Amino acid sequence: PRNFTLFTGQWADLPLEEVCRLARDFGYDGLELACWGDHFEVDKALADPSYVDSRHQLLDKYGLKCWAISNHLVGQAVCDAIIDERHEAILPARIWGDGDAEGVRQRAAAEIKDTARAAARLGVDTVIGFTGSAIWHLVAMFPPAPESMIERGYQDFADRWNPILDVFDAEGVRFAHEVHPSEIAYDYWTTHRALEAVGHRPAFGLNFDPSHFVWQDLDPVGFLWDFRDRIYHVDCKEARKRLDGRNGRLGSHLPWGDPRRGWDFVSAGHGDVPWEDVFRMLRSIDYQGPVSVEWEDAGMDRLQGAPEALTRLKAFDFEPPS
Amino acid sequence: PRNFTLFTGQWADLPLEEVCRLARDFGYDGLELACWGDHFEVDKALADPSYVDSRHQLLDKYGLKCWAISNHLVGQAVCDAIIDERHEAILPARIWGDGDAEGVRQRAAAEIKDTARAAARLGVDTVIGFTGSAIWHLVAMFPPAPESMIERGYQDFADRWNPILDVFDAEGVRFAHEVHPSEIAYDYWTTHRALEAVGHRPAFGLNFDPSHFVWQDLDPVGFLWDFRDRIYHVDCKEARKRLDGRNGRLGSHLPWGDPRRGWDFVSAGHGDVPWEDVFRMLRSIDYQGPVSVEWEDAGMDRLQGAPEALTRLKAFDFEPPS
Amino acid sequence: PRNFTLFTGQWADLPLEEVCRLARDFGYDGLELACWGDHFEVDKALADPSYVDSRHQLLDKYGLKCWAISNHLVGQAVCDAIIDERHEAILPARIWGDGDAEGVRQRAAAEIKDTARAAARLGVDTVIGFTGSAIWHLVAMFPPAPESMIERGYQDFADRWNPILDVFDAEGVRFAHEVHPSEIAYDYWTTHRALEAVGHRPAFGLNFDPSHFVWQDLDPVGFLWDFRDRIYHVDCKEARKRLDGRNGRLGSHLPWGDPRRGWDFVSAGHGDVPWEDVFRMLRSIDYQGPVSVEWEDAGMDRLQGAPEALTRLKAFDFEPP
Amino acid sequence: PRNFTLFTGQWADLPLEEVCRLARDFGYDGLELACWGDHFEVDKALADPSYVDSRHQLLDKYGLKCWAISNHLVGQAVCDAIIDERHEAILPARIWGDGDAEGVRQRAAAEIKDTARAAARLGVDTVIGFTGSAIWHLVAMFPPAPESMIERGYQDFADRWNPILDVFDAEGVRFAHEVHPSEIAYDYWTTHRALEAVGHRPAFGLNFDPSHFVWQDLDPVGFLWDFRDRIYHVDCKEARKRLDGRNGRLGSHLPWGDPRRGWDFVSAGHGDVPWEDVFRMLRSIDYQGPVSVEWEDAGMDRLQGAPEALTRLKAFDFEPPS
Amino acid sequence: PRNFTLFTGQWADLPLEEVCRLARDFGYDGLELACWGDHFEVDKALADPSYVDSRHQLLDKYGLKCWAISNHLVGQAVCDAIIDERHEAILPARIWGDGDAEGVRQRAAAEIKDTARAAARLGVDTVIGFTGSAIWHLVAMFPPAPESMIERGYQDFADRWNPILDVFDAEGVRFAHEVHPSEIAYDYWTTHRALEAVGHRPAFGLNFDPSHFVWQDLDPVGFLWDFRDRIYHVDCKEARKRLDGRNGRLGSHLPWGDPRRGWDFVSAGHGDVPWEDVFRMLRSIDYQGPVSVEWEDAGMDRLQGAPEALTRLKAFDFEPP
Amino acid sequence: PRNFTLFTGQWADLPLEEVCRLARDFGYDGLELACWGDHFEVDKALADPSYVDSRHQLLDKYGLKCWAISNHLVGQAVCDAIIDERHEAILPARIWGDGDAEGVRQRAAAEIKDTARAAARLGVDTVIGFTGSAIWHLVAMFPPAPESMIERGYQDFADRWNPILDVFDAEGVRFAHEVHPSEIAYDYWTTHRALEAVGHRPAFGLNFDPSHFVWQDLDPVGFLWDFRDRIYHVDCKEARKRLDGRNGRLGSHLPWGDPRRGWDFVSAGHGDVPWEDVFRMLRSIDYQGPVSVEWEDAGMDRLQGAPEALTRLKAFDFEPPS
């Protein structure tokens with residue numbers, strides 16, 4: 001009886017129609033559409049008056065709903081200080097353009113304004129994404145950066161995103177920033193500071209994803225409570241620690257699935273997230289949106305895990321007392 | 001009856017002579033000389049054939065020995081991919097030069113070479129320092145970097161450091177890299193990979209500092225065991241966690257002393273480092289160098305903390321059995 | 001398998017026939033009959049010669065048995081020092097009477113005596129209940145109470161219960177006291193002390209419910225072992241802690257289901273009770289009674305939770321070798 | 001260093017002068033005066049114009065200061081719903097009167113107003129105390145009380161204490177409620193609710209005593225941060241858990257020092273209170289008052305424990321830095 | 001999926017045909033055959049040229065395969081310093097003989113050489129077993145044993161086993177020693193020392209059973225990584241601690257199922273083995289053998305537990321990406 | 001609880017007089033005399049009527065007392081089923097005889113009887129010892145041993161020790177069996193069972209030593225409580241765990257001091273024994289005997305560790321309340 005959604009980003013190698021068939025076979029109520037692959041093309045949603053109708057027709061055909069779209073990939077390029085080949089690999093060529101860092105940040109900003117406009121054409125009220133950060137690479141604090149440098153990072157985020165959020169407001173759409181490493185908000189305390197930076201304006205809320213709370217030792221339940229009025233979307237993504245004295249909290253620059261990582265992504269129920277408290281708290285905060293599933297586990301096949309993760313997560317979804 | 005030594009880096013605002021006076025009053029047996037302030041000037045050591053004697057005479061005046069010198073500040077600039085104002089603030093103007101990233105890296109490598117030469121002049125066999133890292137900023141792994149980018153980070157370390165280490169070998173001096181965040185080896189597993197990158201050559205060993213093993217959940221005692229042949233120096237630096245669910249393992253880009261940080265440096269005995277096991281393991285490993293103390297605690301005055309830390313650490317220094 | 005029963009107290013808003021019908025559909029083998037609502041009326045059981053048979057006939061129609069009845073509500077008012085509107089709300093008007101504290105305590109005692117009589121008529125050998133406590137409200141120990149005041153509390157328990165227990169003995173019925181906050185025995189050590197107050201007499205045994213062991217940090221398995229000869233009934237009631245630094249062990253006088261509580265009642269399998277060890281220990285102590293379920297979870301619907309709790313609990317119920 | 005005072009409550013069997021001799025011997029800087037024994041007699045303070053200077057003269061003689069007086073015993077009787085022999089034993093006979101509950105509560109309120117007036121005469125700006133509670137005995141919630149009964153106990157607190165606190169305001173004194181079992185505020189959440197019942201008026205603040213935080217599992221550091229603006233006084237009282245599966249968190253109505261209790265009061269440093277974190281946070285919040293020591297340990301002699309407790313507590317009292 | 005196998009040892013009171021029927025009903029893919037009961041008789045396998053084919057026919061009849069046989073009972077007698085009625089109870093009379101310690105030890109060695117030969121005839125590449133130990137009884141270290149006495153025990157292992165393992169090499173069969181108490185290798189460190197004793201020769205590998213890693217506080221996952229090139233077989237046996245301050249890690253010489261043991265054997269999923277990490281690690285080390293189940297739980301019936309244990313374990317068996 | 005003694009067993013390489021001088025310089029009040037070395041010779045104490053006065057004179061000379069003598073080495077050979085080179089190393093040649101197992105057991109019994117007689121001559125009322133065990137070697141339970149074999153081991157203990165204990169009773173002396181691996185009572189539950197075996201007769205009590213409780217995860221405090229009527233003596237010996245996933249609870253047959261052991265003996269205050277609770281409980285159960293120190297730490301020199309261990313342990317010795 002909550003609505004459950006599959007995040008489409010891990011499936012962007014597949015045509016949308018195949019993802020629709022799969023998600024239906026898996027039992028999902030809907031899709032959280034990634035703004036990449038052929039899933040939701042923001043440029044086409046704006047150029048072609050038919051395009052948004054093709055999206056509904058396709059989803060409707062499989063009995064699927066959509067309450068949100070996601071543009072992590074472009075949002076990352078808005079504030080990142082170091083714009084390089086990793087960005088080139090995740091951006092459309094039209095956003096990359098000549099590869100000039102400031103050029104890319106401006107083009108990414110323009111594209112996020114277009115994402116809100118496309119969301120509203122689609123008729124959804126929430127865009128999930130990332131912001132990037134001018135300051136993330138300073139996280140270790142050696143060599144020391146002055147406080148004015150850290151503050152300028154938050155001011156930079158405000159200066160680039162305030163104009164983006166103006167368009168969000170004009171379109172009647174919300175941004176759900178996913179608190180996550182690499183971002184201006186990645187912590188409980190950085191989320192405070194990032195919210196302060198944009199005057200707590202209602203356009204800028206949060207995509208809650210509990211996975212990165214695990215290795216940082218953040219209480220996801222207390223985060224849900226303290227930021228209750230800014231919980232705009234939920235993605236269930238599971239993480240498992242294996243800290244044996246050798247493996248470390250940072251993962252050692254090692255690929256997903258390498259067992260020498262102190263932590264890794266695993267299918268729901270196979271990890272450490274306290275789903276019991278998380279679900280009870282979404283009710284306590286009267287979170288009314290979809291519950292999305294971002295499926296990732298390097299030791300599993302997605303065809304087996306994605307439906308199993310839905311089953312495991314639903315054991316925590318209860319009818320309220322009547 | 002192990003020799004205890006005070007690391008001079010947190011004291012570089014002071015003339016060496018004043019540091020010698022305090023270290024003597026505090027009970028230390030010697031100084032670990034920072035290659036900054038007026039403590040150990042690597043250029044003067046090489047240009048002025050009288051300079052090395054001035055160091056011995058000053059040290060001897062206060063009953064102090066020296067078995068090691070340290071150049072974390074220049075070492076950092078050898079491999080760092082992002083060279084900026086933070087490096088400008090820690091470098092002599094003659095190393096910074098024009099500020100060009102690669103130029104600074106080249107001048108920094110040259111200076112570390114001169115550091116080995118200066119060490120040989122002083123008669124000490126170990127240089128403590130940092131390496132920097134071309135890939136540290138990629139730690140979070142979003143946006144993704146291909147495995148090849150990571151591999152080139154370790155190869156970059158090898159290509160910059162092999163020639164510096166060749167000079168160490170020629171001078172009869174060892175490098176003690178301090179495993180620490182923002183370095184090519186910051187971890188148990190990245191230590192293994194960095195040693196491999198230089199073929200386990202004996203010139204490249206390790207400065208053991210347990211402070212950053214705390215937030216990363218690394219066992220300092222197993223590290224000591226597995227890398228026992230490359231433990232070239234020891235710096236006792238203490239760290240305390242305070243992980244209440246809001247504070248996080250990353251520290252939130254928050255200044256030392258801020259109580260919202262998930263962990264902080266504190267004076268020895270006031271944190272979480274397992275000194276009992278560490279000291280027992282140094283004996284098991286037959287570590288026969290000095291035990292140095294790097295004093296740091298933003299909640300305390302150094303003039304009170306430095307002598308107390310020495311007393312707290314000596315409670316773990318026991319006579320071996322006959 | 002073991003026989004599993006549903007406690008009827010949380011369903012006293014419903015006519016017994018609807019509870020029978022639900023318990024059958026949920027897969028329960030029987031009912032633990034609350035002595036309130038229309039479930040089990042002690043006075044009718046003794047006055048109307050046909051009443052007990054009406055209970056049998058209803059339960060039998062639904063494929064259900066009964067091994068135990070419960071009178072927590074009346075038992076509470078036997079020893080409580082502070083008799084007030086809370087007791088009024090849980091008592092029938094005949095027991096409340098004029099509302100005079102001593103008179104209530106005495107009428108409540110008479111009614112527990114009658115509960116044992118009613119149980120014997122029904123053919124069950126256990127009555128679950130509460131005792132109340134003259135000293136519960138002294139639990140915090142500021143302002144200090146002298147030790148003589150504490151001792152008088154246990155002696156008050158013995159003085160009021162010994163005559164009730166004489167009647168249980170006459171009727172050949174056991175009393176299964178629910179070790180629970182607000183009772184003379186709420187703890188491992190207060191259980192020892194209460195048992196001694198009554199000379200370890202076999203009439204006064206224990207209803208084991210692990211839920212309140214959770215927040216008090218009591219080992220339910222050791223309690224099972226050390227009190228093995230006096231474990232007379234079991235109610236599986238689950239509780240979950242959420243102790244985040246702000247939420248506290250006492251629950252801050254907050255209603256059930258408030259997330260600011262340090263612990264709360266949740267449905268079986270969703271909390272902290274060590275069911276694996278509890279169930280293995282029930283076999284080791286040769287507990288041969290029913291396994292009852294008292295269903296509570298302010299975050300859930302009883303229609304969904306009651307049958308799920310049954311299923312979750314049956315995963316810990318093993319065939320003997 | 002900070003100033004440390006001895007709380008006089010556990011010494012009220014002794015004449016004040018004797019306590020001054022002992023506190024001076026133990027190394028304390030001052031006394032938190034209990035409003036009982038012959039330590040601080042509130043009625044004499046107001047009746048006898050020379051009484052208050054007799055207090056200063058006596059304290060001055062021993063080089064002791066006073067920053068606070070304490071009336072736990074009387075304050076308890078203001079809101080308590082059950083008034084009985086426990087109150088008779090802690091109250092002056094002039095307040096107990098005939099022992100009729102409402103008369104006791106009325107008399108106790110009038111005496112707490114007098115305590116504020118006597119504070120102002122003595123020249124101290126803080127009174128520590130208790131409030132008692134109309135609803136504490138409801139803590140277990142069987143047999144159930146309606147939610148309106150709970151709300152009424154908080155309103156009873158406000159109605160009885162608002163007129164007391166008006167006198168505090170008029171006299172220029174503040175009240176430091178000790179969060180503690182048996183009081184309207186005994187928990188983190190009940191403190192919030194109690195502060196809100198009196199509209200967060202600055203007359204009503206808090207005496208911080210970490211000992212009852214231990215068995216309740218309350219984070220005392222987070223408490224200090226969240227109520228930083230209402231920490232009016234600090235009392236260090238230590239507590240040790242021994243929760244072996246048999247002993248329980250409630251203490252089983254067992255006397256202090258009985259080993260079957262799940263927790264007990266012990267001398268500072270023999271228990272579980274995180275003093276390292278507590279003292280650091282006191283600086284972080286800029287608590288500038290005295291650090292008082294309430295000495296209690298049924299397994300020890302006070303003559304030994306009191307000076308030792310001071311010594312262990314001073315180990316956490318750091319000079320700044322400068 | 002992986003192939004799952006039932007170890008036949010706890011089932012040796014039953015004829016092999018009954019065991020096959022049950023394992024098929026339970027859902028197993030195969031049998032790990034115990035070299036006792038009528039399950040796999042090494043002497044008959046060798047003397048009777050058609051015995052092996054009766055093993056195959058019987059297994060094929062129930063759709064079962066066999067990748068491994070086990071001879072823990074005879075293996076134990078090879079190195080054991082104290083040979084007594086515990087050994088007489090687990091040996092064929094022909095191996096026990098006169099009961100002279102050295103006599104049994106030599107006869108046991110000869111019989112393990114024959115087990116390797118019987119395995120080769122059957123067509124399996126792995127024998128699971130035990131070694132015994134000349135120094136096990138010295139584990140507590142009071143009264144003190146000289147370090148030379150301890151080296152001698154490992155040398156005794158190498159001297160008795162090297163010749164056995166030459167037969168394994170001749171026959172194209174591996175020995176999977178089960179790291180387990182009372183064995184020369186029972187720990188992480190003792191395994192290192194025993195592999196060194198035989199110069200890490202590839203004939204001597206390991207049977208991985210995580211059960212005894214639990215009470216000894218050994219990381220089964222790190223053991224798998226560090227000994228990855230020598231994990232020759234896997235037996236899923238589950239273990240549960242209950243260390244309440246009275247119960248101790250040694251089990252107090254108390255029988256299986258006694259609630260006063262610090263740890264006990266329990267059915268898969270009921271105890272403490274980190275199956276999630278174990279299974280992921282089996283894939284990371286490219287373990288390609290069967291996953292066997294040794295079923296043991298004194299609190300439970302095997303007819304209920306063996307199929308359930310299979311179901312619980314398979315929830316950790318996931319397809320590769 | 002406050003006379004402290006030094007156990008002399010680890011000092012038996014030295015003349016008694018030299019142990020006395022050291023124990024006195026260390027600050028010990030007395031000695032727990034081992035029945036080996038030249039410290040206390042059981043046969044001479046019975047044969048020579050001046051021998052016992054020589055002991056008193058030597059201890060008086062150094063201001064030392066004695067309340068107890070120990071014969072671990074001989075006691076272990078009464079019940080041990082496997083009598084070999086290990087017993088030969090710890091036994092006097094007159095007890096070892098020809099080494100035939102049953103004769104050794106029989107002679108060790110006769111010698112323990114004489115140890116009671118000699119305790120009485122010295123004027124002490126307690127002998128500390130071991131019993132050995134016919135069943136210790138069966139602890140791992142593979143190959144299986146029938147339950148009747150286990151029962152026989154406890155009957156064997158009763159059969160051999162009952163007659164020993166009758167001699168203790170005749171002399172007015174008690175036996176304090178040290179619960180310890182390799183004994184018939186090594187556990188909480190095997191202690192119950194051994195006590196039952198001898199009908200809870202008062203001659204057979206217990207020497208409490210917490211060190212072996214650590215690795216077995218036994219609560220030393222609950223033990224003291226449940227066996228309170230049989231705590232005849234206390235030896236404070238400390239132990240420390242290091243269980244990193246590779247080291248095991250059993251210690252891998254590795255010598256003391258090897259870092260690959262899962263636990264080891266360390267000097268008091270350097271391990272895991274809960275001294276705070278241990279000392280409080282000795283006082284709760286009214287233990288009035290001495291507190292002996294058995295000093296052992298392969299990582300330390302006994303000349304520094306023995307006085308230090310006493311200083312640490314004394315920090316838990318509190319004056320009772322007045």
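Its PDB header names X-ray crystallography as the technique used to obtain the model and reports a resolution of 2.3 Å.

With that out of the way, let us pick up the overall build of chain A. Each helix and strand counted, chain A has 13 helices and ten strands in total. With the principal axes as the frame, chain A shows a C-alpha extent of 55 × 50 × 40 Å. Taking all 322 residues of chain A together, 63% fall into the buried category. When contacts within chain A are restricted to residue pairs at least 6 apart in sequence, long-range pairs at least 24 apart make up 76% of them. Separation between the mean location of the 34 positive side-chain charges and that of the 54 negative ones in chain A comes to 2 Å.

For soluble globular proteins, nonpolar side chains are generally found buried alongside one another. Ranked by size, the top nonpolar core spans 668 residues in total, and within it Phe40 of chain A, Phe40 of chain B, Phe40 of chain D, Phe40 of chain E together with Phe40 of chain F carry the most contacts. The next biggest cluster of nonpolar side chains, apart from the first, holds eight residues, and it includes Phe7, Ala34 and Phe130 of chain E together with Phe142 of chain F.

Residue and element names in this part refer to chain C. Between its first and last C-alpha, helix α13 (residues 302-314) extends 18 Å over 13 residues, near the 18 Å set by a 1.5 Å rise per residue. Burial in α13 covers these residues: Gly305, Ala306, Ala309, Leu310 and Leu313. End-on view of α13: buried residues confined to an arc of 135°, all on one side of the axis. Of the surrounding elements, those touching the buried residues of α13 are β1 (4-7), α1 (16-26), β7 (231-236), α12 (275-284) and β10 (291-293).

With that out of the way, let us pick up the relation of the copies chain A and chain B. Here chain A sits on chain B after a turn of 180° about the axis and a move of 0.0 Å along it, with an RMSD of 0.1 Å. Expressed as a symmetry operation, the mapping of one chain copy onto the other fits a two-fold axis. Ranked by how close their C-alpha atoms come to the rotation axis, the residues of chain A are headed by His137 of chain A, at 2.6 Å. When the interface residues of chain A are mapped onto chain B, 98% of them are again interface residues, pointing to one common binding face.

Here is what the cut-offs are and how they apply
- Within each chain the first residue of the written sequence is number 1 and the count goes on from 1 in that order, possibly differing from the entry; residues lacking coordinates are omitted.
- Whichever chain is written first becomes A and whichever ligand is written first becomes 1, with later ones labelled in order.
- Based on all heavy atoms of the structure, the side-chain values leave hydrogens and waters out of the count.
- Secondary structure elements are taken from DSSP: a helix is a run of H or I of four residues or more, a strand is a run of E of two residues or more, and numbering for both begins at the N terminus.
- Only protein chains enter the accessibility calculation, which uses a 1.4 Å probe. A residue is then buried if its area is under 20% of the maximum for its type, exposed if over 50%, and partly exposed in between.
- The contact rule is simple, with two residues in contact once any of their heavy atoms fall within 4.5 Å.
- In this tally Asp and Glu are treated as negative and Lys and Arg as positive; neither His nor the chain ends contributes.
- For charged residues, the charge sits on one atom: NZ in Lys, CZ in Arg, CG in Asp, CD in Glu.
- Take the buried residues of types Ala, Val, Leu, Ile, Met, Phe, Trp, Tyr and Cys, join any two whose side-chain atoms come within 4.5 Å, and each joined set is a nonpolar core.
- An expected span of 1.5 Å times one less than the residue number is assigned to each helix.
- As used here, the arc belongs to the directions running from the helix axis to the C-beta atoms.
- All copies share one frame, set by a least-squares fit on their C-alpha atoms.

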